[PDB]
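Two forms, one chain: they're shown below as C-alpha cells, one block per form, named structure 1 and structure 2.
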Structure 1
C-alpha cells in the first residue's frame, strides 16, 4: 500500500527496476482500492511516465503494469480518460497490440476499449490512429475456439465499443471492415462473447435504413432470432434491441425478421417477467404492425393479437403505452377484417380503461385508434354496435370527460367522435 508520494519518488528515480516496483504499486492502488485515487495519480503527473513505459520492449513487466494502471485511469470519467489520451496513450497502446505476450496485447485491447467507450470523438480518434487492422489481426484464426476465453471476450468488448455511439455513427468504412469479424463472433458459443457481439449489432442497427441494410446484408437476422430465444437475459436483451432496431427500417427489412421466424418468440417475450423485455418486445410489435397488411396478417396468424390485448390490459405503464401505439398502427394500416378481428379479441375495454391515464400522448394515441376502428365500422354499417360496446364498458363517459381535458389535443377528437357516433 504505497503512498502516491512514494510512487512519484520511485518513478522519478530513473532506475528501471525502482520504476517497475513503483508502477506496480500504482497499479495496485488503482485496482484494489474501492475509491482508487485516480485524480491524485493524474495530478502527480504520472500519466506521461506510464505512457513512456508502454514502449519499454526490453521490460515487458513494466509494459504490463503501466498498461493496467492506464487502463484503470481511462475507465473513469471523461476527464480522466482525456488525461490518458492527452498523454499520448493511443498510438502507444496500438503499438502494444503487436506484443508477443498475450497478456500485454490483451491489456492494450482493454485500454483502447475504455478510450473508445468514452464517446464518438475518442472512438473515431482510436480509429484514425489505426487500431482496427491490428485488432482484427488478433482474431484472424480459422477457429475462434483456439483463443483463450478471457482474451476473446476482451477483444469482442473493445470491438463493440468501436461500433458504439451516434452523433456521429462510426465511419462507414470502419463498420464495413469490422462486420465480418463481428459476424463470426455472433456465431461463437461463449455467452459473454455472444452478449457483446449482440450489443455491437444493436448499435450498428440504431440508425438510418442504410446502416440497417449493411447489417442485414451480412445475413445475421437468423442468428439474431436464434439468440432472441436464449435462456440468458444478457443475450436476449441486446438481441431484442437489434431486432427492434431492424424493424424500424423498410418493409423489406422488417420482412427478413418475420421470415427468420421472430414472431414465434413473441408469446414469451410479451409475457416476460423482465419489464424491459416486455416493453422492448411491445415496441418491436408496434413497428411490425406499422407495416404492410400481409405483415399485420402474420401478427394475426402467430396468435399475437391476444398478447397485445394482454399487455394493454395489464403491464407497466410504459409497456401499455407501446401497446397503444401497436394498436393505433394496426388499426391505421389494417384491413376491415383485421380490424374486426382485433375487436373480437377484446381490445375495446382495455383501450377505454387507459383513457384515464395522466399521460396526454397515450390519450391522443388511443383516440386515434378508436377513430380508425369507427372508420372500419362505417364501411360495415356497424358504427352503432361499436358505440354500444364503448358506452357499455364506460368508455363513453371518459370521452365525455376528455372534452373538458386541459391539453390542446384531446378535444377535436373527443368532439368529433361524439358528433359522429354518440349524439
Structure 2
C-alpha cells in the first residue's frame, strides 16, 4: 500500500479496515516522514488503547517502535504523539506479547537521553516494570522478555547530566541485585552495566549501591569466563573503589583481590588496563589495605604490568606504584623495591607524557624518604644510577613543565 491508501483505511470507522491499514503501515516501515506528515502517529497511539482488539494493538506498537528507532525528530514525534504513557499502560496487559512490546519500546525511548529517560520515569514506568519482575520464578518469563526488561532497567539507570532521580534508583536497585544471581550471560551483562552506571558518580551514589549488599555477587561475576560479563563487573568494582576507604574495604573483604592475578595478566588490553586502574585506587587506600595487596602477591604482577604492558596501562601501573609509596609503610616500600620496581620506573621517565613523569618523580621522592629513615639513601642513589635513572632525571631539569623541572631539580640537588 501507498501512504494515501493507509491513511484512508486508518481514518475510517471500520475496525477491520483500520486493522488492515495498520498492518500495511507496519510492513512499509518494516517513508517515515510521509507517515508522520499524514499525522498517523497519533492514530497508532490511540489504537494502543483498543483493549478489545489486541491485533491492532500489536500492529500499532510495532509501527510506533520503528519510527522511534529513527532520528531524534522522529523519536520525539513518537514521544510527543504520546507513546510513553500509552506504552506504560500496556505493561500490565493480560497479553504477554503486548506487554513485551511495551517494554522494548520504553527501553529504546529511555535510552535516548536523560530527558526522555526522566520522562519515562515521571510517567511512572518503574513500578509496573518492577512488578513484572517480582515473580517468584524468573524462568516463567520468556528469555527475550527477561532480557528486554533488564536492558530497559539499565537504560533507566544510564546517563548523567542529570543522573537519574534518587528515589528511582532506590526502587530499582534491589531488583538489579536479584538479576545478578541469574545465569543468562546477557541478563548478567546488562545488570552489571546498570550497576556500573549507578556507581559512576559521587560517594552517595556509591553508598546506595554498596549498602544493598551487591559487592559479593559482583566479585563472583568478576571471575566469570564470559568477557561481556567481566567487563562491566570490573567497571562496577572499579567505580566502587574510587570511593571511601570503607567502601573500598567491602570490596577487599569480598575477596576481590584473589581474582586480580588473572585480570592483570588477561590477554585483552582493556581488561588489563581497568584492572590496573582498579588496583591504583586500592593502593590509594589505607596501610592495612595496601598490606592486603601485598599478601595476595599482587606486587610482582603490578611490577610486571609496569614493565611489559601497553603504555596507557603502564601509566595506570605507575599510578598504582605512586599511590603505594604515598600511603605505604617503610617496610612495604622496601618490599616494593625488592620486587624490582626501580628499573621499569626509570624506563618510563623518558616517556613524552608529562603526567606520568610527575607521577613517577613523586614515587621516587617517596621511596627516598623511606630510604632516609633507613639510612640507605646512597644505595638507593647508586641503584637508580645503575639502571639509567640519573641520566633521565637530569635531562628532566630542562623540561618545560614547572612541576617536573622543580621535582627533578630537587632530587638532583638532594641525592645526587
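Positions refer to the first chain, counted from 1. Under this definition, the rigid core comprises the largest set of C-alpha atoms superposing within 1.5 Å between the forms.
Trainee: Would you indicate which listed residue, out of 253, 72, 295, 287, moves its Cα by 2 Å or more between structures 1 and 2 relative to the superposed core?
Mentor: Flagged residue: 72.
Trainee: Does superposing the core leave residue 364 with a CA shift of 2 Å or more between structures 1 and 2?
Mentor: Moves: no, less than 2 Å.
Trainee: On a rigid core superposition, would residue 219 pass a 2 Å threshold for CA movement between structures 1 and 2?
Mentor: No, shifts by less than 2 Å.
Trainee: Is residue 412 displaced by at least 2 Å at its C-alpha between structures 1 and 2 when the rigid core is overlaid?
Mentor: Shift of 2 Å or more: no.
Trainee: If you line up the core, how far does the Cα of residue 81 move between structures 1 and 2, in Å?
Mentor: Between its two positions, the C-alpha of residue 81 lies 2.8 Å apart after core fitting.
Trainee: So, with the core fitted, how far does residue 9 move at its Cα between structures 1 and 2, in angstrom?
Mentor: Spelling it out: core superposed, C-alpha of residue 9 shifted, distance 7.1 Å.
Trainee: Quick one: CA shift at residue 374 between structures 1 and 2, core fit, Å?
Mentor: Shift of residue 374 at C-alpha, rigid core superposed: 0.4 Å.
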